Amino acid sequence: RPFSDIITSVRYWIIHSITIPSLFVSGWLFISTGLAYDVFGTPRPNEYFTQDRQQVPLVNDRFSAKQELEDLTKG
Amino acid sequence: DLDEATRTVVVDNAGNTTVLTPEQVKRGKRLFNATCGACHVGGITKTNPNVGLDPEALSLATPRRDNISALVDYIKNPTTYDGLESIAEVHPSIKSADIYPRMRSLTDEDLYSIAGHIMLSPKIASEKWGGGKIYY
Amino acid sequence: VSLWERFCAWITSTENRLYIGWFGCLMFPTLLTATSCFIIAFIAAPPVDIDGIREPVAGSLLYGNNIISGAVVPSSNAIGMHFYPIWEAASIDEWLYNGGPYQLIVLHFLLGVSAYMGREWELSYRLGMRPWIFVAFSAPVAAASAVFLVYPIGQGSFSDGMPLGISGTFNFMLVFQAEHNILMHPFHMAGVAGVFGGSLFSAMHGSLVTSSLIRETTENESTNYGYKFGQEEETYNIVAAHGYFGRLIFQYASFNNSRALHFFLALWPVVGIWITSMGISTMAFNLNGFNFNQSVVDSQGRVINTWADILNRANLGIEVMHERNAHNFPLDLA
Amino acid sequence: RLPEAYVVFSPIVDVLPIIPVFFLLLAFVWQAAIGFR
Amino acid sequence: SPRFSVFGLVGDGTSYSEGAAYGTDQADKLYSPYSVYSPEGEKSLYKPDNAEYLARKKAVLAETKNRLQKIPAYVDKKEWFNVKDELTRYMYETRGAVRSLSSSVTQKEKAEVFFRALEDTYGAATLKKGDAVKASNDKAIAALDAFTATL
Amino acid sequence: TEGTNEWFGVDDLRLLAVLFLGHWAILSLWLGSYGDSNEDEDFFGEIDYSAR
Amino acid sequence: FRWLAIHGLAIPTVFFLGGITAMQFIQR
Amino acid sequence: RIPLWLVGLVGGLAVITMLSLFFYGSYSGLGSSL
Amino acid sequence: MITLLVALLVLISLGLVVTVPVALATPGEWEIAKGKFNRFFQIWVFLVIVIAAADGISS
Amino acid sequence: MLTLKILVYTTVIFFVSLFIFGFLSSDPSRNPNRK
Amino acid sequence: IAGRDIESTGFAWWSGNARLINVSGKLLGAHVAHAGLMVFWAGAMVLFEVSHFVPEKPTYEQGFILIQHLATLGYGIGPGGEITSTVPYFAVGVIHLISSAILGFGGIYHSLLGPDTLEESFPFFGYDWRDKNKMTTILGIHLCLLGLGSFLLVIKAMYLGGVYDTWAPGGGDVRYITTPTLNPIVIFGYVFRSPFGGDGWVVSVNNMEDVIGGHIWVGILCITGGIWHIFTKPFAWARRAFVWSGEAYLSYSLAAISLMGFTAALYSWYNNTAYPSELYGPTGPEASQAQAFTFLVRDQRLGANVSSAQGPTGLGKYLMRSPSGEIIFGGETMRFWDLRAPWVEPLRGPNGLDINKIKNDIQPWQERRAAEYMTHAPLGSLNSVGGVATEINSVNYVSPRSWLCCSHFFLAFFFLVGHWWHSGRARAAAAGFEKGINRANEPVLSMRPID
Ligand code: CLA
Ligand code: CLA
Ligand code: CLA
Ligand code: CLA
Ligand code: CLA
Ligand SMILES: CC(C)=CCC/C(C)=C/CC/C(C)=C/CC/C(C)=C/CC/C(C)=C/CC/C(C)=C/CC/C(C)=C/CC/C(C)=C/CC/C(C)=C/CC1=CC(=O)C(C)=C(C)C1=O
Ligand code: HEM
Ligand SMILES: CC1=C(/C=C/C(C)=C/C=C/C(C)=C/C=C/C=C(C)/C=C/C=C(C)/C=C/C2=C(C)CCCC2(C)C)C(C)(C)CCC1
Ligand SMILES: CC1=C(/C=C/C(C)=C/C=C/C(C)=C/C=C/C=C(C)/C=C/C=C(C)/C=C/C2=C(C)CCCC2(C)C)C(C)(C)CCC1
Ligand code: OEX
């Protein structure tokens, strides 16, 4: 099937008037609920520095990098 | 992360302390960047770099300018670093606001917010405020 | 039959070995002047006080340079944008001290390469061609006029022109990055897309023609002997090259029109070099590249650095060290 | 600021210089509506 | 869950990095939506009625006559640059101070007569006309005292 | 003197003489082909192929 | 069927673009 | 059946709107130096 | 009163922006409808003069 | 110095006038279609 | 759709205005509709600038380019660059915005409904491109209007209010220009001087008497040249040298308007007379001399004898000597020693800067004027961060001089590319090989072997 005759058919726009706004909303809710900070470990604007750590947190060990990061992200 | 503790700034020469409201902080940065920021970007002075806005240089002025009230007094009445002659004709002030039309619509609440921004900025960026290009 | 008409017939003759034309009446004297002065100044020219502070910079091979470090040094900062011909200099040694040869070479080169462009129009007219080869050459001409003329005009001194040397060119690039942030300018970004894309499309178009050549040779002779100069037939299967590239990406993304394809080969580097020439010409008047220093700020107000801030720390290192004795005041406004 | 009788129309004036860019875009809509023929 | 502000309508709005909150972040009315300043009403610290502002303009008008009177000492010499520099070095603040003190309609027409004679002094100094500078310099002085004798 | 405002850089009348004599010399050659050319001979093309 | 070759690009693109559009209204 | 230029109209209006939001977000919120 | 008249001039101009080129570019409508369009042109031109009168009187 | 200026002014006005009167020498007609 | 598709014209949609070359009525409508666009933008942009205007900032700090053109004309402007009213700037935009609807109607009238060719029914307005007599009449009529418009500026400056003179005694102010310079050695001494430093070809006009006296001469020349081209027909040397086609006349204007665009850019960058620094900000040269002046005043108050203060290199730290001998400011700003700003000319004698006047009589307005010019130098980023490329994001400023110069240097180059495109094409379309080489008689094949 050709391309431009698909996107001009009304059956294409019956399907994609629901699926495209539902994915756009679901991407919006991935940020609005704060889930993307917890999945990827990105700091929220509150939590670049904590009350104990006023410095920039760096990992200085290779094999305890997972445990050193858990101590830097506890607050 | 702008708690009350970082927003707590010395307000007068006696050492009393006040908390800036979040309106004072946001409006104080806007007014400082518009009115004073062309010469006082980042706490340095562009036209006389010996006399900066870092809190150590404000500590060593002869009227000590480490307060909200002493900074507001400088904006209403500016002097030299030893406070001996007035420099109102070469510094923007309420005293020379006929000369500087940028000072013509400024309340005392606006000067409080501008003095708030000068006092709050070293609590946020310690060595960057008045530190120049080394800490950029 | 007149003397001028016989001279006009020789000048515009397409039977000369090199076409002269009327633009060659400006091209050949200016470019041979600039070539003669460049070779003599590159080999043997005394050191030039470029920054106006009586600190002369050696640029020639007889004063201890090599091919890489050697340069024709730009004019003195004390001259600025002033016209400095030889007859305004009271001795040739004073002209050589103040960077006189740079102004002679640059002004004869820019006149001569504009006349080279008009010569490219002129031969196409006498040959019955379509005219616009010289529009493609206008993109490197605009680039040469930006770094040699326009950027001196905006900065107000021929001392800020690009030095006629290899290491002087790198000195020009680094100081330009510190003072204008050209990497963060989108016009340099379009220029990099012009030369990365242009060398991509050159290697792409050159591959698909060489891939689809028709059998005209044996394994012993070269493949290039399958083409005869002056032949009428096509030398490569453009259907086979279109069927290859149409399967490499997808079918709708490939030129079947060879005239549209070769137009795209002309347009992409030329428009890219036109735009980056208008980046240099607009950073001449200090409309700099994007400044994102201290733009990411957390909730307390502290500055979180980005890659633009680490780029800024390298810009700071060039600008506090460039022209290290020339500055007396805390802002490099020149 | 606009004169006091006209400050109601201040949001309209904010979009008025952009209208020449919309005229260049309009020639492409009209060429697409005719099918580039 | 992060702080949100669709432009001012949905969310916080009165946050430190909201850029399209035109006046909705602060309490006091702004001069315009496109401004950071409040208007030129009262509560402003600049009072244009004040005595130190009027005295600064009167001190400009008094010292102007002192600079205007050393003009012919440059014209019995021929320091034409000193005539043109005197009319612009201290006297640059004269037009700002004269138009600030010209309130009535006869003050304004008595002020432009001083301005016309000031430009006749300058134009004769570029042309190096010796008698025309002094004939304009006394007219500039005599129109200056006529302006100051009003108030 | 190079920053002074001279017409075509002419500060001596030697330079004015060689500007005239140089420009009139090629003019005199060019008038050998386009002098004695009729003024009232027009054409209605974009380009004229009159004579030599 | 050519569905999951164009939808492997288009479905994460609209999801990511909905996220980046929500990011413009995040303030500090 | 929809005209193909009508799809490119509202498709280009969506791209203009989204890039206007990305350029608005450079002046507001995070990354705005405010 | 000036703010009422300019708001009317904006609405008349917005009606003429989307109807004048439609009337000119359908190949018969301008000669059958130009008395109606000249009437709107005169209300448009008369509104500018009444605004210019009210602006100058109030100044 | 000022003898060199005469020589360069003579040289520049020579080549510029060749450029000027050459392009005035019925130059559109010098094309391979006609004339 | 005759004349409106590729099968009737041979032009695609992207070269679609090339279908208007030989239909004069539609080509008329294209030009008055585009004229309506430029008058629209002039109205709309300055209403935007009036609406976004604040009195606390100078007009160069607000990102304006159009109200400074009206302030130089003398509207709403006070002493020293004080903007007083902004009601005259509002009015200019309303006239330009209302007039664009009249030009916009006559645009779409002549484009969509009017006669496609004017030659049959409107013989005064009809033209062939090859009619050399008719084309000089259109050139002559529009030359007299340019002479009349150049006399309007003379009338504005001499009789109707005057213009802002930043060089005025008493301070910069609106001033009637009573004695314009009519001497042709002075006036054409700008046209025939060098373009280089110190000379600065036509940008270096430094007083308003030379500006207004130049517009008298331009008004005289354009009117006597308009009557000349109305009355006459091109000479035989002109008829041999040009291509007489519509695309050729376009490429002649493209070359001329590109030369004007480069010139107007360097007006914005260098001139502070027609572009006063109280309105446009300091020039590039002006801002770095303001820095050397500021730290001269800073250090002389600390007791430095600034005329004898040796720099690091051995030259003057504050005062050095130009290569011609004038006492100038030291540092890297020795390149901008030709700067003649109005706040530094009160300290100049014939030898350059006067040393006792620097030692004794430096006025506080000069120290203020150099202070804001030092801090509002024309240096900024594309996102309008003020200062050098290493500066942080606090100041929102790019000079209007930097916007005006960079945009019009961008435009003047591409209009020179348009000259190269359209003059190459019109020369090849007149000779008849713009569509390619004839396979039957290729010109190179009937030539000698080239070696
Ligand atoms: C319908 C015609 C008309 C027009 C064009 C105007 C226009 C104006 N009147 Mg008004 N006026 C009108 C009717 C009109 N009025 C009526 C019916 C009355 C009641 C009797 C008044 C009573 C009145 C008073 C009491 C005053 C005015 C004033 C003004 C000026 C306002 C700004 C100013 O201060 O001037 C300063 C001058 C300018 C701002 C110049 C503006 C013109 C510039 C050059 C723009 C024009 C450019 C060009 C034509 C546009 C391009 C067009 C196209 C061909 C491309 C403005 C020029 C004021 C005035 O005249 O001040 C002196 C004023 O005090 N008017
Ligand atoms: C400065 C912008 C400009 C202007 C004034 C014109 C003008 C013209 N074009 Mg060109 N064109 C342009 C840019 C422009 N073009 C661009 C950017 C492209 C590339 C997309 C083209 C591609 C192009 C092609 C392929 C063709 C033209 C043609 C034409 C001519 C007739 C149009 C027509 O009859 O179709 C009818 C058009 C419409 C029905 C569209 C209606 C649009 C109206 C005018 C909008 C009005 C809106 C405005 C707000 C109304 C205000 C009203 C108020 C003032 C009263 C006309 C002279 C045609 C031609 O050459 O004929 C010989 C032609 O074939 N143009
Ligand atoms: C007043 C000046 C002027 C005029 C009247 C013309 C007129 C013409 N040009 Mg010429 N041209 C000009 C300047 C001008 N040009 C300039 C400055 C250049 C160099 C860029 C050219 C390069 C050029 C080429 C290569 C061609 C023409 C062609 C034509 C013909 C058809 C044009 C068309 O329909 O395009 C319709 C318009 C478009 C398709 C839109 C153009 C796309 C622009 C670049 C996008 C806008 C980007 C941005 C928003 C604005 C630019 C950046 C901004 C900051 C300035 C028409 C006779 C064509 C021709 O030769 O016909 C015989 C042709 O092939 N011109
Ligand atoms: C400037 C370019 C221009 C040119 C060369 C033309 C030429 C023409 N027009 Mg068009 N037209 C234009 C712009 C132009 N018009 C504008 C701006 C409008 C909107 C008002 C129109 C609306 C229009 C209509 C409705 C009609 C025409 C018609 C005509 C044709 C007949 C001329 C005529 O009526 O007798 C000569 C006219 C006069 C002697 C009266 C002149 C009165 C004007 C207003 C004087 C202008 C003042 C001054 C000179 C300019 C000030 C503004 C300036 C500074 C920009 C002629 C080909 C007619 C036509 O095409 O018939 C089929 C026709 O019916 N035009
Ligand atoms: C928009 C402005 C404009 C435009 C596009 C034109 C266009 C034209 N002019 Mg016109 N002209 C104009 C304004 C304009 N003119 C003005 C304002 C005046 C009054 C000064 C004149 C006075 C004028 C005259 C006297 C002549 C032209 C001629 C021409 C035609 C070809 C010449 C040419 O342009 O080559 C550009 C060439 C040069 C810039 C150098 C020319 C040098 C001349 C030929 C030396 C001859 C000596 C002679 C005694 C002149 C004394 C001055 C000399 C020392 C330089 C061309 C149609 C020629 C023509 O054919 O008229 C019908 C012609 O003879 N114009
Ligand atoms: C079942 C489960 C569990 C579900 C999981 C879902 C799942 C499996 C998902 C996976 C989906 C997935 C990602 C698959 C999609 C595959 C995919 C596309 C991945 C790759 C990723 C990626 C983003 C790729 C993009 C890269 C890309 C294609 C770039 C190319 C862009 C492009 C259009 C280039 C064209 C450039 C161009 C115009 C060059 C031509 C110019 C040139 C000189 C041509 C020369 C030339 C051309 C001719 O034409 C002819 C004639 C001749 C003579 C000639 O000289
Ligand atoms: C309204 C905004 C301003 C504020 C709040 C402000 C504040 C101050 C303060 C507090 C000082 C003294 C620092 C100290 O004692 O250590 C000072 C000094 C100075 N400021 Fe500003 N200032 C403002 C505007 C400006 C501007 C716009 C300029 C640019 C022209 C400027 C130039 C200077 C200079 C030169 C000094 C040094 C004075 C001296 O030598 O004693 N100021 N400023
Ligand atoms: C042809 C053509 C074309 C073109 C078109 C054009 C170009 C047009 C123009 C048009 C125009 C050019 C228009 C105009 C309009 C205007 C108007 C319509 C106006 C109005 C106004 C008003 C309404 C105002 C109001 C006001 C006031 C009075 C005050 C202040 C406020 C305000 C501003 C609101 C195109 C491209 C599409 C293509 C196709 C064809
Ligand atoms: C306003 C003013 C003024 C005045 C001005 C004037 C007076 C002007 C003039 C102007 C002029 C007076 C100009 C001229 C120009 C010229 C030209 C631009 C030329 C060109 C040429 C050509 C283009 C040619 C070409 C050719 C050749 C070379 C060869 C053969 C072919 C032909 C013909 C093509 C002043 C500065 C005082 C001041 C300010 C204002
Ligand atoms: O010359 Mn070459 O680089 Ca332009 O910035 Mn200033 O000057 Mn110098 O230093 Mn940095």
Side-chain angles (χ1 to χ4, degrees), chain C residues 22, chain D residues 2-3 5-6 8-10 12-13 16 19-20 23-24 26-27 29-31, chain I residues 2 5-7 9-10 12-14 16-17 21 25 44 47-48 51-52 55, chain J residues 16 19-24 27, chain K residues 26 29-30 33-40 43-44 47 90 93-94 97-105 107-108 110-112 132 135-136 139-140 142-143 146-147 150 153 181 184 186-192 201-205 210-226 228-229 232-239 241-242 249 252-253 255-256 259 273-274:
Chain C
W22 302 114
Chain D
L2 289 180
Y6 315 96
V8 181
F9 314 102
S10 237
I12 305 178
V13 169
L16 291 196
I19 290 165
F23 269 101
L24 167 70
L26 201 64
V29 182
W30 153 64
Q31 278 308 302
Chain I
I2 310 178
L5 291 160
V6 176
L9 181 73
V10 166
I12 290 182
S13 297
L14 188 58
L16 290 184
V17 157
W44 194 88
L47 266 177
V48 181
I51 288 158
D55 182 88
Chain J
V16 163
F19 173 83
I20 283 166
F21 287 112
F23 268 122
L24 290 165
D27 196 79
Chain K
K26 281 200 178 322
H34 188 270
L37 280 169
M38 311 154 73
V39 185
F40 190 92
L47 286 195
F90 170 77
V94 172
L97 199 63
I98 289 304
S99 309
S100 75
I102 289 97
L103 297 176
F105 174 70
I108 69 179
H110 285 285
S111 303
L112 315 179
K132 298 185 254 297
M135 284 284 106
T136 51
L139 162 69
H142 295 159
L143 264 169
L146 289 176
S150 179
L153 178 70
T181 299
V186 179
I187 289 310
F188 292 92
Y190 291 106
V191 196
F192 302 133
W201 162 58
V202 78
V203 182
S204 54
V205 50
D210 299 1
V211 168
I212 299 311
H215 279 88
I216 292 170
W217 274 98
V218 160
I220 281 166
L221 286 178
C222 287
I223 284 176
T224 191
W228 164 263
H229 283 301
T232 72
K233 159 193 179 165
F235 281 111
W237 60 267
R239 299 191 304 258
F242 291 110
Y249 310 148
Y252 305 149
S253 301
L259 161 73
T273 300

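Just follow the structure's listing: the first ligand is 1, and inside any ligand the first atom is 1. Lettering of chains follows the sequences in order, A, B, ..., and the numbering in each one begins at 1. All values below come from the heavy atoms of this structure, side chains included, with hydrogens, waters and symmetry mates left out.
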Is there at least one protein heavy-atom neighbour under 4.0 Å from [atom]?
{"atom": "atom 53 (C) of ligand 5", "value": "no"}
{"atom": "atom 14 (C) of ligand 5", "value": "yes"}
{"atom": "atom 40 (C) of ligand 5", "value": "no"}
{"atom": "atom 19 (C) of ligand 9", "value": "no"}
{"atom": "atom 49 (C) of ligand 5", "value": "no"}
{"atom": "atom 2 (C) of ligand 5", "value": "yes"}
{"atom": "atom 23 (C) of ligand 9", "value": "no"}
{"atom": "atom 30 (C) of ligand 9", "value": "yes"}
{"atom": "atom 45 (C) of ligand 5", "value": "no"}
{"atom": "atom 3 (C) of ligand 9", "value": "yes"}
{"atom": "atom 18 (C) of ligand 5", "value": "yes"}
{"atom": "atom 40 (C) of ligand 8", "value": "no"}
{"atom": "atom 27 (C) of ligand 9", "value": "no"}
{"atom": "atom 37 (C) of ligand 5", "value": "no"}
{"atom": "atom 8 (C) of ligand 8", "value": "yes"}
{"atom": "atom 16 (C) of ligand 9", "value": "no"}

Protein contact to [atom] [nearest heavy atom, distance to 0.1 Å]:
{"atom": "atom 10 (C) of ligand 9", "answer": "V191(K) CG1, 3.9 Å"}
{"atom": "atom 37 (C) of ligand 8", "answer": "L26(D) CD2, 4.1 Å"}
{"atom": "atom 33 (C) of ligand 9", "answer": "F242(K) CZ, 3.9 Å"}
{"atom": "atom 59 (C) of ligand 5", "answer": "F235(K) CD1, 3.7 Å"}
{"atom": "atom 38 (C) of ligand 9", "answer": "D210(K) O, 3.3 Å"}
{"atom": "atom 6 (C) of ligand 8", "answer": "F23(D) CE2, 3.5 Å"}
{"atom": "atom 62 (C) of ligand 5", "answer": "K233(K) O, 3.3 Å"}
{"atom": "atom 58 (C) of ligand 5", "answer": "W237(K) CZ2, 3.8 Å"}
{"atom": "atom 35 (O) of ligand 5", "answer": "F242(K) CZ, 4.1 Å"}

* Asked: Would you say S100(K) contacts ligand 8, with heavy atoms under 4.0 Å as the rule?
  ->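 Checking ligand 8 against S100(K), which is what was asked, there is a heavy-atom contact under 4.0 Å.
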* Applying a strict 4.0 Å limit to heavy atoms, is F90(K) in contact with ligand 8? ->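 Contact present.
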Can you sort out which atoms of ligand 8 are near [X], meaning under 4.0 Å from one of its heavy atoms?
{"X": "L37(K)", "result": "7 (C)"}
{"X": "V10(I)", "result": "34 (C)"}
{"X": "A33(K)", "result": "6 (C), 7 (C)"}
{"X": "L47(K)", "result": "33 (C)"}

* **Where ligand 5 meets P234(K) - atom numbers and elements under 4.0 angstrom, heavy-atom basis** =>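 With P234(K) as reference, the close atoms of ligand 5 come out as 60 (O), 62 (C).
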* Can you list the atoms of ligand 5 that are under 4.0 Å from a heavy atom of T232(K)? ->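 The list of qualifying atoms is 62 (C).
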Roughly how far apart are [X] [atom1] and [Y] [atom2], rounded to 0.5 Å?
{"X": "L146(K)", "Y": "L139(K)", "atom1": "CG", "atom2": "CG", "value": "9.5 Å"}
{"X": "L5(I)", "Y": "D55(I)", "atom1": "CG", "atom2": "CG", "value": "11.5 Å"}
{"X": "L47(K)", "Y": "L2(D)", "atom1": "CG", "atom2": "CG", "value": "7.0 Å"}
{"X": "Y190(K)", "Y": "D210(K)", "atom1": "OH", "atom2": "CG", "value": "4.0 Å"}

Quick one: closest heavy-atom pair of [X] and [Y], and the distance?
{"X": "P234(K)", "Y": "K132(K)", "answer": "CD-O, 3.7 Å"}
{"X": "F23(J)", "Y": "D27(J)", "answer": "CE2-OD2, 3.2 Å"}
{"X": "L103(K)", "Y": "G36(K)", "answer": "CB-CA, 3.7 Å"}
{"X": "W201(K)", "Y": "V191(K)", "answer": "NE1-O, 2.6 Å"}
{"X": "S111(K)", "Y": "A30(K)", "answer": "OG-N, 3.6 Å"}
{"X": "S100(K)", "Y": "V39(K)", "answer": "CB-C, 4.1 Å"}

* Kindly indicate, with the supporting measurements, whether the criterion side-chain contact (heavy atoms from CB on, under 4.5 Å) is fulfilled by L16(D) and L97(K). => CA-CA 10 Å; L16(D) 291 196; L97(K) 199 63; 3.8 Å; yes
* **Check: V205(K) and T273(K) side chains under 4.5 Å, non-hydrogen atoms** =>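 With C-beta onward as the side chain, the pair stays apart.
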* Do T181(K) and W217(K) touch side chain to side chain, with heavy atoms closer than 4.5 Å? ->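 No, their side chains stay 4.5 Å or more apart.
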As an exercise, identify every atom of ligand 9 less than 4.0 angstrom from a heavy atom of [X].
{"X": "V218(K)", "answer": "1 (C), 5 (C), 6 (C), 7 (C)"}
{"X": "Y190(K)", "answer": "36 (C), 37 (C)"}
{"X": "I187(K)", "answer": "37 (C)"}
{"X": "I20(J)", "answer": "28 (C), 29 (C), 30 (C)"}
{"X": "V202(K)", "answer": "36 (C)"}

* Near-ring test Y6(D)/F90(K), centroid separation under 6.0 angstrom ->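 Yes; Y6(D) has its ring centre under 6.0 Å from that of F90(K).
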Check whether any side-chain N or O of [X] sits under 3.5 Å from a backbone N or O of [Y] as a donor-acceptor pair, and report yes or no.
{"X": "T136(K)", "Y": "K233(K)", "value": "no"}
{"X": "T224(K)", "Y": "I220(K)", "value": "no"}
{"X": "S13(I)", "Y": "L9(I)", "value": "yes"}

* To do: Report, as a single number, the protein N, O or S atoms less than 2.8 Å from atom 10 (Mg) of ligand 5.
  =>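 Excluding waters, the total comes to 1.
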* ligand 9 contact on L221(K) by region, counting heavy-atom pairs under 4.0 Å ->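 Neither; no heavy atom under 4.0 Å.
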* To do: Decide whether an N or O pair under 3.5 Å exists between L221(K) and ligand 5.
  =>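 N/O-N/O distance under 3.5 Å: no.
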* I would like to know whether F242(K) and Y252(K) meet ring pair (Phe, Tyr, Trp, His ring centres under 6.0 Å); could you show each step before the answer? => CA-CA 10 Å; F242(K) 291 110; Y252(K) 305 149; 5.3 Å; yes
